[PDB]
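Engineer: Mind looking over this structure? Questions follow.
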There are 2 protein chains.
Amino acid sequence: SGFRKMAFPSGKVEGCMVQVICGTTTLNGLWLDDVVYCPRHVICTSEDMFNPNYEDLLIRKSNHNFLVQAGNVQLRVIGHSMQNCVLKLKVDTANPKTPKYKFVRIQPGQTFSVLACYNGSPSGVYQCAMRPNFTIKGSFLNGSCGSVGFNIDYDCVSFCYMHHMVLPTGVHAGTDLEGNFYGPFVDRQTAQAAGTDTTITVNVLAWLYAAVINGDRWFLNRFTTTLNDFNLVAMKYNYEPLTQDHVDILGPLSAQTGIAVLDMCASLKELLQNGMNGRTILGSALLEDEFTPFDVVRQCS
Amino acid sequence: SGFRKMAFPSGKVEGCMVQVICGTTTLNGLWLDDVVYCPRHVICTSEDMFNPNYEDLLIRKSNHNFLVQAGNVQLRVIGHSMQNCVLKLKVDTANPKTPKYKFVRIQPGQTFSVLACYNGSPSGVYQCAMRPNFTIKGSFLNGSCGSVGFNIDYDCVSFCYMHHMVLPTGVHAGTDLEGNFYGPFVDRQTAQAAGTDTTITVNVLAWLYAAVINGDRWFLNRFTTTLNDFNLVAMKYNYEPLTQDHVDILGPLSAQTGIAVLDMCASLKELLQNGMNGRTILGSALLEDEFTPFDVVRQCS
Ligand SMILES: *C(=O)[C@H](C[C@@H]1CCNC1=O)NC(=O)[C@H](CC1CCCCC1)NC(=O)c1cc2ccccc2[nH]1
Ligand SMILES: *C(=O)[C@H](C[C@@H]1CCNC1=O)NC(=O)[C@H](CC1CCCCC1)NC(=O)c1cc2ccccc2[nH]1
């Protein structure tokens, strides 16, 4: 009954959020075991934002130049090290609330939950998708950096995103938990175009499937199409080209709903070529593509 | 930077979710101090769903007929009591993770976060609004009952909703934490019309304000209107009539944005009378009314 954007319970990740101060810069860090991960641009003072030599800047910082607080507790930093665009502060105490976790680099088009924090304390949680251009359409203010994106499976938390900066278009760029930026972005104060924002076609089809599951069926047609046929009438609308894997990924949904995959593409083709006509699908007046096929199966169990 | 539906961190509420079994019925309960709150329709067997005499049904249940589990821990039920449509099982142990909390009955149009659970374990979290007709547009399946809605302020958790049933239209009805249903709904298996779904006009205006804050300004006009004038050209579209309080509530936003409240109404009037014209506002193709003015100020700090 019903369907909306649902983030994972943020409890397993709150117990890992801490405050990190390095000069005038304050932001958030992730405390797992006896290490604290944070964006390396903490060490950057104001006049080091255009082109900062992080090696040179880090050579001037010592362990005591990094103050970490897990609430009122102050963790002693006993060893720092820069890994890609991320810093690894080794604290003397291990987080007793460290959950079963693993660092993973999500693929473009996969969803994850974000826990926007400020000054170490969590502020809110919301679902995000790794756009095809490698940006995320998040909600971040100053001090938001260090906030992580994650997926929760069973008892294992898969961290996949740490916020770093915003782009000139309002969307955001970040890094995986190993320090490598998603996309071609770099942690320098310079204008960085994000690239054309494509639409995750597989997710859209996945979203139409929960529609039919929930009783929204006005978009279903007596039509069908071919895979190549659909991609030609979908590239005009900047849609990710549908592959055979995408078809297979939608297999479980197609098999459950009794609606063939290519029949959905035919229903999607008519939506791109004719619009919504003021109708609505799962409460939305546009085509949603931040619901991955796997997100649908779990919410529509 | 950016703006989307953001729920409160669900950590303070996960430590209070437990499993409740009474016969073939299994659902979720809220464990605060030495009491567990759950919907009274646990005691209802299948053939007691049309018109159940809860007094009669509860007279046949004993303390041992209620099994409560907080994960692998089994809490002993030492005293049960029905309060309105909610049961209060007194367990022998107090929840060590009980947060500072209070039970509150939210007003129609206020938002709250929901933590949909199943078999006692949390599944996800999402933002909801108490619709004017007293329903909520949630996402619930079988076994979802007992899931709570809450707002988090500082360290205090204000529980305001416990899910009970779905309506014939896909929307959901529930109770406050004192057992009283929101709206005229009752916990019986019978068709219950929800009433016309009005639009929280104050929230819509609030949502347009974050728009202008975030750089979406195409909807702003050289026009203005009068309070009575706007309400007449808004009742046709089933919009909550704007009051002077609503105006005052939007004062902080209006004063910050340099846009008078009635000027926003004029911009809203043209949107209702002319549509979106394919444009978009904060990523939405329709007018959003589940962002309360207070939700905007905290997300746009
Ligand atoms: C983290 O704390 C913030 C998050 C930002 C604030 C507004 N919304 C966000 O997503 N990150 C920043 O402010 C970075 C900090 C820089 C420090 C030096 C190294 C590079 C990152 N800056 C930006 O996000 C930034 C700079 C900039 C310049 C020109 C266009 C866009 C732009 N974004
Ligand atoms: C809680 O576990 C579920 C939540 C439902 C399941 C589907 N989505 C939901 O929101 N609650 C129910 O299934 C209730 C249980 C009844 C037990 C006996 C007392 C009344 C509640 N039933 C309904 O939600 C229900 C019955 C019904 C009959 C006719 C139209 C709608 C309708 N909804």
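Following the order of the structure tokens, first chain is A, next is B, and so on, with residues numbered from 1 inside each chain and ligands from 1 in the order they appear.
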Going by DSSP on the backbone, which residues of range 171-295 of chain B come out as helix (DSSP H, G or I)? List them as a VMD selection string.
Structural biologist: chain B and resid 201 to 214 227 to 235 244 to 249 251 to 257 261 to 274 293 to 295
Engineer: If we count only C-alpha atoms and set the cut-off at 7 Å, which residues sit around range 170-176 of chain A, ignoring sequence neighbours fewer than 2 positions away in its own chain? Please answer as a PyMOL selection string.
Structural biologist: (chain A and resi 105+135-138+160-168+178-182) or (chain B and resi 1-2)
Engineer: Convert the current residue selection to file output with C-alpha atoms, as a PDB file, in the first residue's frame.
Structural biologist:
ATOM      1  CA  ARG A 105      32.003   1.862  -4.960  1.00  0.00           C
ATOM      2  CA  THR A 135      26.594  13.608  -9.437  1.00  0.00           C
ATOM      3  CA  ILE A 136      23.955  13.175  -6.744  1.00  0.00           C
ATOM      4  CA  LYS A 137      20.871  15.357  -6.273  1.00  0.00           C
ATOM      5  CA  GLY A 138      21.275  15.853  -2.541  1.00  0.00           C
ATOM      6  CA  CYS A 160      29.589   4.173  -0.635  1.00  0.00           C
ATOM      7  CA  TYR A 161      29.611   7.989  -0.507  1.00  0.00           C
ATOM      8  CA  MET A 162      31.218  10.818   1.450  1.00  0.00           C
ATOM      9  CA  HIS A 163      30.180  14.349   0.542  1.00  0.00           C
ATOM     10  CA  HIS A 164      32.918  16.729  -0.586  1.00  0.00           C
ATOM     11  CA  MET A 165      31.597  19.689  -2.585  1.00  0.00           C
ATOM     12  CA  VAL A 166      28.764  21.194  -4.610  1.00  0.00           C
ATOM     13  CA  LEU A 167      28.835  21.989  -8.314  1.00  0.00           C
ATOM     14  CA  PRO A 168      27.878  25.292  -9.963  1.00  0.00           C
ATOM     15  CA  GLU A 178      38.535   4.922  -0.315  1.00  0.00           C
ATOM     16  CA  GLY A 179      39.093   8.557  -1.334  1.00  0.00           C
ATOM     17  CA  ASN A 180      38.422   8.256  -5.069  1.00  0.00           C
ATOM     18  CA  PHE A 181      35.937  10.778  -6.418  1.00  0.00           C
ATOM     19  CA  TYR A 182      32.912   9.565  -8.322  1.00  0.00           C
TER      20      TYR A 182
ATOM     21  CA  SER B   1      22.093  23.384  -1.854  1.00  0.00           C
ATOM     22  CA  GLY B   2      19.219  21.190  -3.021  1.00  0.00           C
TER      23      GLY B   2
END
Engineer: If the limit is 9 Å from any atom of ligand 1, counting only C-alpha atoms and all ligand atoms, which residues qualify? Return them as a PyMOL selection string.
Structural biologist: (chain A and resi 25-28+39-46+48-52+118+138-147+163-173+186-192) or (chain B and resi 1-2)
Engineer: Can you tell me which residues surround residue 114 in chain B at a distance of at most 7 Å, considering only C-alpha atoms, apart from same-chain residues fewer than 3 positions away, and format the answer as a PyMOL selection string?
Structural biologist: chain B and resi 125-128+148-150
Engineer: Please produce a file of the residues just selected, as a short mmCIF file (atom, residue, chain, number, x, y, z; two decimals), in the first residue's frame, where the atoms kept are N, CA and C atoms.
Structural biologist:
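The result, written out as part22.cif:
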data_model
loop_
_atom_site.label_atom_id
_atom_site.label_comp_id
_atom_site.auth_asym_id
_atom_site.auth_seq_id
_atom_site.Cartn_x
_atom_site.Cartn_y
_atom_site.Cartn_z
N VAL B 125 12.67 4.51 6.50
CA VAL B 125 12.18 5.74 7.11
C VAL B 125 11.84 6.72 6.00
N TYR B 126 10.75 7.46 6.17
CA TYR B 126 10.31 8.42 5.17
C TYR B 126 9.43 9.47 5.83
N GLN B 127 9.36 10.64 5.20
CA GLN B 127 8.57 11.76 5.73
C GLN B 127 7.11 11.62 5.35
N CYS B 128 6.23 12.03 6.26
CA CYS B 128 4.79 12.00 6.03
C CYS B 128 4.17 13.30 6.52
N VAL B 148 5.53 3.62 14.03
CA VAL B 148 5.21 4.91 14.62
C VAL B 148 5.69 6.04 13.73
N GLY B 149 5.04 7.19 13.89
CA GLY B 149 5.50 8.44 13.32
C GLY B 149 6.00 9.34 14.44
N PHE B 150 7.05 10.11 14.16
CA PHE B 150 7.70 10.86 15.22
C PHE B 150 8.36 12.10 14.65
#
Engineer: Given only C-alpha atoms as the basis, pick out the residue of A:74, A:267, A:113, A:65 nearest to chain B.
Structural biologist: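 Of A:74, A:267, A:113, A:65, the one nearest chain B is A:113, counting only C-alpha atoms.
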Engineer: Select from range 72-258 of chain B everything DSSP, run on the backbone, classes as strand (DSSP E or B), then give the selection as a ChimeraX atom specification.
Structural biologist: /B:73-75,77-79,82-83,86-91,101-103,111-118,121-129,136,148-153,156-166,172-175,181,199,239
Engineer: Report, in Å with one decimal, the straight-line distance from CA of residue 157 in chain A to CA of residue 282 in chain A.
Structural biologist: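 Between CA of residue 157 in chain A and CA of residue 282 in chain A the gap works out to 29.0 Å.
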Engineer: For residue 97 in chain B, find every residue with an atom within 10 Å (counting only C-alpha atoms), except residues of its own chain fewer than 3 positions away, and show them as a PDB file with N, CA and C atoms, in the first residue's frame.
Structural biologist:
ATOM      1  N   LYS B  12      16.993   6.946  17.343  1.00  0.00           N
ATOM      2  CA  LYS B  12      16.322   7.028  18.636  1.00  0.00           C
ATOM      3  C   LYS B  12      15.063   6.175  18.688  1.00  0.00           C
ATOM      4  N   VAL B  13      14.473   5.859  17.537  1.00  0.00           N
ATOM      5  CA  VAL B  13      13.239   5.086  17.501  1.00  0.00           C
ATOM      6  C   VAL B  13      13.465   3.598  17.240  1.00  0.00           C
ATOM      7  N   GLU B  14      14.588   3.219  16.624  1.00  0.00           N
ATOM      8  CA  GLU B  14      14.855   1.803  16.392  1.00  0.00           C
ATOM      9  C   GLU B  14      15.014   1.048  17.706  1.00  0.00           C
ATOM     10  N   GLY B  15      15.717   1.640  18.669  1.00  0.00           N
ATOM     11  CA  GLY B  15      15.927   1.001  19.952  1.00  0.00           C
ATOM     12  C   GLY B  15      14.656   0.787  20.748  1.00  0.00           C
ATOM     13  N   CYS B  16      13.515   1.212  20.205  1.00  0.00           N
ATOM     14  CA  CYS B  16      12.232   1.045  20.873  1.00  0.00           C
ATOM     15  C   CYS B  16      11.279   0.129  20.119  1.00  0.00           C
ATOM     16  N   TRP B  31       8.490   0.128  22.654  1.00  0.00           N
ATOM     17  CA  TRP B  31       8.936  -0.232  24.000  1.00  0.00           C
ATOM     18  C   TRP B  31       9.584   0.995  24.637  1.00  0.00           C
ATOM     19  N   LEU B  32       8.845   1.657  25.525  1.00  0.00           N
ATOM     20  CA  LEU B  32       9.323   2.833  26.237  1.00  0.00           C
ATOM     21  C   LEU B  32       9.197   2.572  27.731  1.00  0.00           C
ATOM     22  N   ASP B  33      10.305   2.717  28.453  1.00  0.00           N
ATOM     23  CA  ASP B  33      10.345   2.424  29.891  1.00  0.00           C
ATOM     24  C   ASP B  33       9.930   0.964  30.070  1.00  0.00           C
ATOM     25  N   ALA B  94      12.817  -2.553  31.787  1.00  0.00           N
ATOM     26  CA  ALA B  94      12.748  -1.247  31.152  1.00  0.00           C
ATOM     27  C   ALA B  94      13.768  -1.171  30.025  1.00  0.00           C
ATOM     28  N   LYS B 100      14.537  10.313  25.611  1.00  0.00           N
ATOM     29  CA  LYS B 100      13.645  11.373  26.058  1.00  0.00           C
ATOM     30  C   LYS B 100      12.521  11.516  25.044  1.00  0.00           C
TER      31      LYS B 100
END
Engineer: I need the residue nearest ligand 2 from this list: A:238, A:67, A:3, A:231. Use only C-alpha atoms and all ligand atoms for the distance.
Structural biologist: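 Checking each of A:238, A:67, A:3, A:231 against ligand 2, counting only C-alpha atoms and all ligand atoms, the winner is A:3.
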Engineer: I'd like the neighbourhood of residue 247 in chain B as a ChimeraX atom specification, where a residue qualifies if any of its atoms comes within 12 Å (using only C-alpha atoms), though same-chain residues fewer than 2 positions away should be ignored.
Structural biologist: /B:201-203,205-206,226-227,241-245,249-255,260-265,293
Engineer: Name all residues at most 6 Å from residue 38 in chain B (count only C-alpha atoms; drop same-chain ones fewer than 2 positions away) and give them as an NGL selection string.
Structural biologist: :B and (29 or 86-87 or 146)
Engineer: Which one is closest to chain A: B:98, B:224, B:123, B:158? Count only C-alpha atoms.
Structural biologist: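 Smallest separation from chain A among the options: B:123.
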Engineer: Record the distance separating CA of residue 132 in chain B and CA of residue 200 in chain B, expressed in Å with one decimal.
Structural biologist: 7.2 Å
Engineer: Pick out the residues sitting within 12 Å of residue 63 in chain B, and hand them over as a VMD selection string; count only C-alpha atoms, and ignore anything fewer than 4 positions along from it in its own chain.
Structural biologist: chain B and resid 21 to 22 43 58 to 59 67 to 68 75 to 81 87 to 92
Engineer: Looking at A:300, A:156, A:130, A:287, which one is nearest to ligand 2, with distances taken over only C-alpha atoms and all ligand atoms?
Structural biologist: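 With only C-alpha atoms and all ligand atoms as the atom set, the closest residue is A:300.
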Engineer: In Å to one decimal, how far is CA of residue 215 in chain B from CA of residue 233 in chain B?
Structural biologist: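 One can read the CA of residue 233 in chain B to CA of residue 215 in chain B distance as 26.8 Å.
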